[PDB]
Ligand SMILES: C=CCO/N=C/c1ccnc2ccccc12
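Given next, in structure tokens, is a single chain: the form solved without the named molecule.
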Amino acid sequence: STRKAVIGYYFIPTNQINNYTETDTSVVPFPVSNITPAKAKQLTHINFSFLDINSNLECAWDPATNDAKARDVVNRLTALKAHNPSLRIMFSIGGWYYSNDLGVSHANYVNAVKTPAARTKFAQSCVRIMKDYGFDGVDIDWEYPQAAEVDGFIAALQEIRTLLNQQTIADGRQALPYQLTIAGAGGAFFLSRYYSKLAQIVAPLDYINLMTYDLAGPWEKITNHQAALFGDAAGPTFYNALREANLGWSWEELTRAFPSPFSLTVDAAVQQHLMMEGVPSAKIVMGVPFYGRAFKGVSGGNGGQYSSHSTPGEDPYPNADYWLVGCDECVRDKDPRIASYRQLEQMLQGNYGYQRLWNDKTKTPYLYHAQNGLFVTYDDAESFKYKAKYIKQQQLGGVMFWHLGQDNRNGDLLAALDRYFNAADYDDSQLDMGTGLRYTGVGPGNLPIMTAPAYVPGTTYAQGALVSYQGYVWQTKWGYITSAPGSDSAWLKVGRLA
């Protein structure tokens, strides 16, 4: 009976705000009016993006922004709520450009959360901006706080939470309370920056929206799927950085939670969150891309998958060779490395030389261009069936996506997600989830239900013996043990009872 969240980013850059129009897609390709009533109903959240933190260490619009045009654009979004009383228009602070380790505003994020007075000033600025512009909540997309900054970041979420809760009371908004989310890492390497303190990060949130995409890109040696649901044994594997996090666990605890190497998948990230105690499945939201990542210079044989490649990683894109055949948006944006789903439909439909292929382990599509040596990893309405089924099975909070302007005109990706969660006549009970590699880590937060004979005092237990005691199932790490389970370092808690 609890509706899955469906959280869609709406991005619009300052120049497009300042020149805003709904009737000239060469100035504003994706005006608010493209979000029809039918789409408004299919969404639960729209994250307006991006705001920033300025050098006064406050939430702020880009200072080049025209305030009147900004208010007008935001009002058009909040008008959508007339079609859907569940809808929230969040705003989002950060993004890669502002907040990455070398981003233009990076130090402001670091400083804004550093001290108690700075957090007070920052937190207040967030809720003031929310109220002043009519937003329904605050999303933080800082990519990413490093381990040293993480206590500040946590305290800043806690302080924003408290102020949001005051505001909910003031405005009598218990029916649609003001919400706090973050865009959280969706792969272990960035996740490791705050993993040890995950429960504290998630506690003040309504959701943590996992960025379980961009798991592959020009920075890797080898082409791969950017958002594989499950692992492909033929694909690359990675060092599990989480095993080096400051957790204080034992060798066995670490080994049983963090297999390494591992397959960098959506399912990995979700399980890595669930493993942690105090991180509930209902607060975890699976991110999906509405775009593809394109690679050139690939070799044939396996559809361009798991190939070396010659895709430039530099920013800005280093020349005017827009080699992604058929991609008109790429020419407009001067970058061939990203293509919207909208665009990819057109590329596949025209005579551009792509095949659409399907990897039945990862449960994701990909384009291959055999003649030129191109590979594109993306998501579509089919991959979303498996991802939606997984969402339901794991009792996650919902789905998030970047971004709305990349759906096709009819909004088929959004419609498909809404249908897989909510359509009375949609049935995925027979949908086969395949034999891709699952992430098998177990931690304190996701012990399976087990049974075993009750521990008996005086009994000598060999290595691997399983007993039950005080609510859990326990396993000896070596033999022979007679100590009560949990009373020393010889027992591993492996399961929970009854």
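In case it trips you up, residue 1 is the first one in the sequence shown, and so on.
Although it is not shown, the form deposited with the named molecule bound is what the next lines describe.
Out of the listed residues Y390, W358, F190, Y426, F190 is the one that sits within 4.5 Å of the named molecule in the deposited bound form by at least one heavy atom. In terms of contact with the named molecule in the deposited bound form, the residue from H369, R337, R88, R119 that brings a heavy atom within 4.5 Å is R337. Residue contact check for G301: none of its heavy atoms lie within 4.5 Å of the named molecule in the deposited bound form. Although the partner is absent here, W219 is a contact residue: one of its heavy atoms lies within 4.5 angstroms of the named molecule in the deposited bound form. Taking the partner from elsewhere, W249 is found to have every heavy atom lying beyond 4.5 Å of the named molecule in the deposited bound form. Among heavy atoms of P261, none comes within 4.5 Å of the named molecule in the deposited bound form. Segments offered: 109 to 117, 360 to 368, 211 to 219, 410 to 418. Contacting the named molecule in the deposited bound form at heavy atom distances within 4.5 Å is 211 to 219. Heavy atoms closer than or equal to 4.5 Å to the named molecule in the deposited bound form belong, across 154 to 188, to no residue whatsoever.
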